[PDB]
Amino acid sequence: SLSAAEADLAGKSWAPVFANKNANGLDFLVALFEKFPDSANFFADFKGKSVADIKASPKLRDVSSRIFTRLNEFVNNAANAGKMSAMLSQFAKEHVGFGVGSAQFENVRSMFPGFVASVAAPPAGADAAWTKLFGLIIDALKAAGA
Ligand code: HEM
């Protein structure tokens, strides 16, 4: 897990992002796809389609919303190793079955801090908290077998 201090920093940088969950969640998904084109191919609904096609999709909102809803829960429980345990297991389990592995999460991690900063400057120490959080997710995926 993260420490309470770290978790707070993550929550603090997340708030402005989560404040506009619909628009920001769609944006994160679009940015991912733009920076890491292979990612879309894991999605049944988006495989083959271009970013414009994805933006125009009536399915986009369903996807991006479930993602932000779960990220919000990770931010919320981050400092509790116990909840993280279960959360990480279950998340990894789920993703692996779809063929997603740690490398895709290494990509999310790379682009995350820059995405948050495009919404509002994060507090000092927040970027490191996110990379640690994503670090925990990456580890989970590896244990999950990918
Ligand atoms: C940024 C962190 C992300 C979060 C919080 C997140 C969250 C989730 C959630 C909550 C589910 C639905 C689980 C279910 O209903 O059983 C899901 C499904 C899935 N996610 Fe993620 N995800 C993350 C990033 C990714 C990445 C990077 C990819 C691929 C590169 C991905 C690929 C998938 C796929 C392929 C599904 C199956 C759902 C479908 O398309 O029908 N996720 N994800």
Side-chain angles (χ1 to χ4, degrees), residues 1-47 51 54-55 57-146:
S1 58
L2 272 63
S3 55
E6 297 172 314
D8 292 323
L9 302 170
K12 236 152 42 202
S13 54
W14 176 242
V17 177
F18 205 58
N20 284 129
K21 177 201 179 195
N22 287 170
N24 292 153
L26 264 43
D27 273 315
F28 163 71
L29 216 59
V30 169
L32 184 67
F33 294 160
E34 300 188 309
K35 295 170 154 250
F36 302 92
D38 56 303
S39 43
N41 285 353
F42 287 95
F43 292 85
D45 308 298
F46 309 141
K47 187 180 170 182
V51 169
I54 292 161
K55 308 203 251 179
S57 177
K59 304 200 182 182
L60 180 66
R61 175 78 41 79
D62 262 39
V63 190
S64 83
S65 62
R66 87 166 55 121
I67 283 165
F68 263 30
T69 295
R70 174 81 51 100
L71 238 201
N72 184 241
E73 296 308 315
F74 271 119
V75 180
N76 281 352
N77 290 317
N80 186 331
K83 283 164 191 23
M84 286 298 265
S85 254
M87 263 188 297
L88 294 163
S89 272
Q90 168 82 184
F91 186 74
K93 287 182 200 336
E94 280 168 1
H95 283 75
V96 154
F98 307 138
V100 194
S102 74
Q104 284 60 244
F105 279 94
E106 287 158 323
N107 299 154
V108 172
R109 181 176 65 194
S110 309
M111 142 268 189
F112 208 83
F115 171 70
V116 171
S118 75
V119 172
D127 287 351
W130 285 110
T131 85
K132 201 221 208 81
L133 188 51
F134 277 117
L136 290 166
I137 286 186
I138 291 166
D139 291 341
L141 290 150
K142 289 206 194 150

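Index from 1, following the sequence.
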Q.
Just to verify, what does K35 make a side chain to side chain donor-acceptor pair (under 3.5 Å) with, not counting sequence neighbours?
A. none
Q) Going by heavy atoms in the side chains, are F36 and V108 under 4.5 Å from each other? A) no
**Q.** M87 side chain near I137 side chain, heavy-atom distance below 4.5 Å
**A.** no
(Q) My understanding is that only residues two or more places apart in sequence, or in another chain, count here; which of them pass salt bridge (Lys or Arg N to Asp or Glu O under 4.0 Å) with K55? (A) none
Q. Any side-chain heavy-atom pair from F18 and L71 closer than 4.5 angstrom?
A. no
Let me check something: any side-chain donor-acceptor pairs from residues 22-30 under 3.5 Å, sequence neighbours excluded? List them with distances.
none

Q.
Taking salt bridge (charged side-chain N to carboxylate O under 4.0 Å, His left out) as the cut-off, I'd like each qualifying pair that reaches into residues 66-86, sequence neighbours left out, listed once.
A. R70-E94
Q | Residue pair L32 / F115, side-chain heavy-atom distance below 4.5 Å | A | no
Q: For the residue pair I138 and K142, establish whether any side-chain heavy-atom pair is separated by less than 4.5 Å.
A: yes
**Q.** Side chain to side chain, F91 and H95, heavy atoms closer than 4.5 Å
**A.** yes
Q.
Just so I know, are the side chains of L9 and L2 near enough to count as touching, which here means a heavy-atom distance under 4.5 Å?
A. no
**Q.** Pairing residues for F134 by the ring-ring contact (aromatic ring centres under 6.0 Å, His included) criterion, not counting sequence neighbours
**A.** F112
**Q.** Any pair counted as side chain to side chain donor-acceptor pair (under 3.5 Å), so long as it reaches residues 116-133, sequence neighbours left out
**A.** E6-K132, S13-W130
